[PDB]
Engineer: 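First the structure, then my questions, so here it is.
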Amino acid sequence: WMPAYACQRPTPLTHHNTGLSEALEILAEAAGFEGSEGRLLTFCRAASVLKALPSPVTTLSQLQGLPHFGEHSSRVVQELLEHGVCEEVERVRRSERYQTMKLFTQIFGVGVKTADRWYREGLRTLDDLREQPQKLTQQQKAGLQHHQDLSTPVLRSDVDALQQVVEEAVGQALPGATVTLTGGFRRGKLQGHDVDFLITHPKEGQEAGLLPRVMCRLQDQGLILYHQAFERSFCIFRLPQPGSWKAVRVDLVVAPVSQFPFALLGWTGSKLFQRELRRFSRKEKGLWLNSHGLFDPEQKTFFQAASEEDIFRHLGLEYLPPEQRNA
DNA sequence: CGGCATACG
DNA sequence: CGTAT
DNA sequence: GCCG
Ligand SMILES: [Mg+2]
Ligand SMILES: [Mg+2]
Ligand code: NA
């Protein structure tokens, strides 16, 4: 009943196995901190299966036949069901490695490889990194300076304000250009760690060179605390607050209208959903999918899409609205 | 055992 | 290397 | 870690 790919089943934002999925995603995260991408994927997939179930898992037998549940993930669920706690998961939670790798990788500009190297050098805290800025990039200096604000969840109320100011700058950079909210908020999330916008123009070609014009105007308005021709911009915005302001991460992306459906789909996520979707496309349909298009390698042609619905149809998948892509 | 998504800055 | 879903 |  439960299909093997996450793109084949609706996954709502809230579900009936929150505790179980959160435990497996701890192990997925820890696997990533050790470079085990395969293990991370299995744990992520197993967690997502539980998100797609219609009711709580209460007995171990209810895992039989579910894809991506083998000896390891089943044993985690078993201990949680019997004792409300999984020893392996708790061991990871309190490990010095896990805590520090999580703290470091959540810095903007710091990846697993950088965090791992710093950990091997004996570094453990944010103040450790501040004491030696000689080893920090300009991006990492920005992420570290703003780390506190960036750890504060972005609210849906904040998003509307940002979209307004982005549209204002986009409108002056290219009259007629549109701004579309993507990312987790388009999937219905009420909070997020950043805001994701997709920019296009209904006249193919007019979007060329647009993002530098948008960025220059945003900076001149004093709204850019940090930014790097280009089509993706990873910014830190100055977001007004009552009597003050806070730093917020904002991603801006431009696509020509011909590619807009593919870019909307990819940037709406979830991350797991897109990986599963591209995996499904290649392995089950022999088609190559990315945020630019869908390629048939046999005929050497690109599928034209006018909508996300078109893309699901060309992949033989039932359509899923953004709110059901929370894999 | 091979594979595990796929881009851009 | 970082970033993004 | 799990699937095919
Ligand atoms: Mg986001
Ligand atoms: Mg983002
Ligand atoms: Na990071």
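Computation of the quantities below employed the complete heavy-atom set of this structure, encompassing side-chain atoms and omitting hydrogens, waters and symmetry-equivalent molecules. Lettering follows sequence order; numbering is per chain, from 1.
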Engineer: Along nucleotides 4-9 of chain B, 5' to 3', which nucleotides get a B, which get an S, and which get a -, given that the test is a protein heavy-atom distance under 4.0 Å?
Structural biologist: BBBBSS

Engineer: Looking just at side-chain N and O atoms, do A:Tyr5 and A:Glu284 make a donor-acceptor pair shorter than 3.5 Å?
Structural biologist: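 Result is yes, a qualifying pair exists.
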
Engineer: By a strict heavy-atom criterion of less than 4.0 Å, which residues belonging to residues 90-100 of chain A are in contact with DNA chain B?
Structural biologist: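 Those residues: none at all.
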
Engineer: Contact class for A:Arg249 vs. all strands (heavy atom < 4.0 Å): base, sugar-phosphate, or nothing?
Structural biologist: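 Here A:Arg249 touches the backbone only, sparing every base.
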
Engineer: Is the phosphate of C:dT5 approached by A:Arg187 (side-chain N or O, under 4.0 Å from OP1 or OP2)?
Structural biologist: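 Looking at the OP1 and OP2 atoms of C:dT5, neither is under 4.0 Å from any side-chain N or O of A:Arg187.
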
Engineer: Any base atoms under 4.0 Å from A:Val253, or only sugar-phosphate, or nothing? Heavy atoms, all strands.
Structural biologist: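 Nothing: the residue A:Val253, judged by heavy atoms under 4.0 Å, touches no strand.
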
Engineer: Any heavy-atom pair between the side chains of A:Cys7 and A:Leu317 that's under 4.5 Å?
Structural biologist: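 The answer is yes; the side chains approach within 4.5 Å.
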
Engineer: For a quick check of understanding: with a heavy-atom distance under 4.0 Å over all strands, which category does A:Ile107 fall into, base, sugar-phosphate or nothing?
Structural biologist: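 The answer is sugar-phosphate, as A:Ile107 gets under 4.0 Å only of primed atoms, P, OP1 or OP2.
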
Engineer: Please confirm whether A:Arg249 makes a cation-pi placement over A:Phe237, using NZ or CZ under 6.0 Å from the six-membered ring centre and within 45° of the ring normal.
Structural biologist: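 Checked: cation-pi criterion not met.
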
Engineer: Report the distance from atom NZ of A:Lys113 to atom P of C:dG2, rounded to the nearest whole Å.
Structural biologist: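 Going from NZ in A:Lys113 over to P in C:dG2 covers 7 Å.
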
Engineer: Between side-chain atoms of residues 272-279 of chain A and protein atoms elsewhere (two or more places apart, or another chain), which donor-acceptor pairs fall under 3.5 Å?
Structural biologist:
from, atom 1, to, atom 2, distance (Å)
A:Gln274, NE2, A:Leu265, O, 3.0
A:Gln274, NE2, A:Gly269, O, 3.4
A:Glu276, OE1, A:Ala6, N, 2.9
A:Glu276, OE1, A:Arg279, NH2, 3.3
A:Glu276, OE2, A:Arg45, NE, 3.1
A:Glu276, OE2, A:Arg279, NE, 3.2
A:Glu276, OE2, A:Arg279, NH2, 2.8

Engineer: Judged by modelled atom types alone, do A:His68 and A:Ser73 share a side-chain donor-acceptor pair under 3.5 Å?
Structural biologist: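 No, because no side-chain N or O of A:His68 sits under 3.5 Å from a partner of the opposite role on A:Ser73.
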
Engineer: Distance under 6.0 Å and angle within 45° of the ring axis: does A:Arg97 meet both against A:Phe33?
Structural biologist: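 Checked: cation-pi criterion not met.
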
Engineer: If you measure from the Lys or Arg side-chain nitrogens to the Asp or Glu carboxylate oxygens, is any gap between A:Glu167 and A:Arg217 under 4.0 Å?
Structural biologist: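 A salt bridge is absent here (no side-chain N lies under 4.0 Å from a carboxylate O).
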
Engineer: Just the rounded figure in Å: distance from P of C:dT3 to CD of A:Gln106.
Structural biologist: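 My rounded result for the distance is 12 Å.
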
Engineer: Could you tell me whether A:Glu88 and A:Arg75 make a salt bridge, using a distance below 4.0 angstrom between a side-chain N and a carboxylate O?
Structural biologist: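 The answer is yes: the pair qualifies as a salt bridge.
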
Engineer: Classify A:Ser281 by what it touches in the nucleic acid, base, sugar-phosphate, or nothing, heavy-atom distance under 4.0 Å.
Structural biologist: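 Contact class for A:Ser281: none.
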
Engineer: Give me the first and last nucleotide of DNA chain D, going 5' to 3', that has any atom under 4.0 Å from a heavy atom of chain A.
Structural biologist: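 With heavy atoms of chain A under 4.0 Å away, the range is D:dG1 to D:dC3.
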
Engineer: Which heavy-atom pair separates A:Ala52 from A:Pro10 by the least distance, and what is that distance?
Structural biologist: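 Distance-wise, the nearest heavy atoms are CB-O, 3.7 Å.
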
Engineer: Among all residues two or more places apart in sequence or in another chain, which pass the ring pair (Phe, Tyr, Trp, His ring centres under 6.0 Å) test with A:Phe234?
Structural biologist: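 Listed in chain order: nothing, the list is empty.
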
Engineer: Tell me every residue that passes ring pair (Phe, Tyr, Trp, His ring centres under 6.0 Å) with A:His72, counting only those two or more places apart in sequence or in another chain.
Structural biologist: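 A:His72 satisfies ring pair (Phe, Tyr, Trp, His ring centres under 6.0 Å) with A:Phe43 only.
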
Engineer: Using the P atom on both, measure D:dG4 against B:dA5 and round to a whole Å.
Structural biologist: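 To the nearest whole Å, 15 Å.
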
Engineer: Whole angstrom is fine here: how far is it from CD in A:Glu284 over to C1' in B:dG3?
Structural biologist: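 In whole Å, B:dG3 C1' lies 13 Å from A:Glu284 CD.
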
Engineer: What is the distance, rounded to the nearest whole Å, between atom CG of A:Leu252 and atom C1' of C:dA4?
Structural biologist: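 Atom-to-atom, A:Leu252 to C:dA4, this comes out as 12 Å.
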
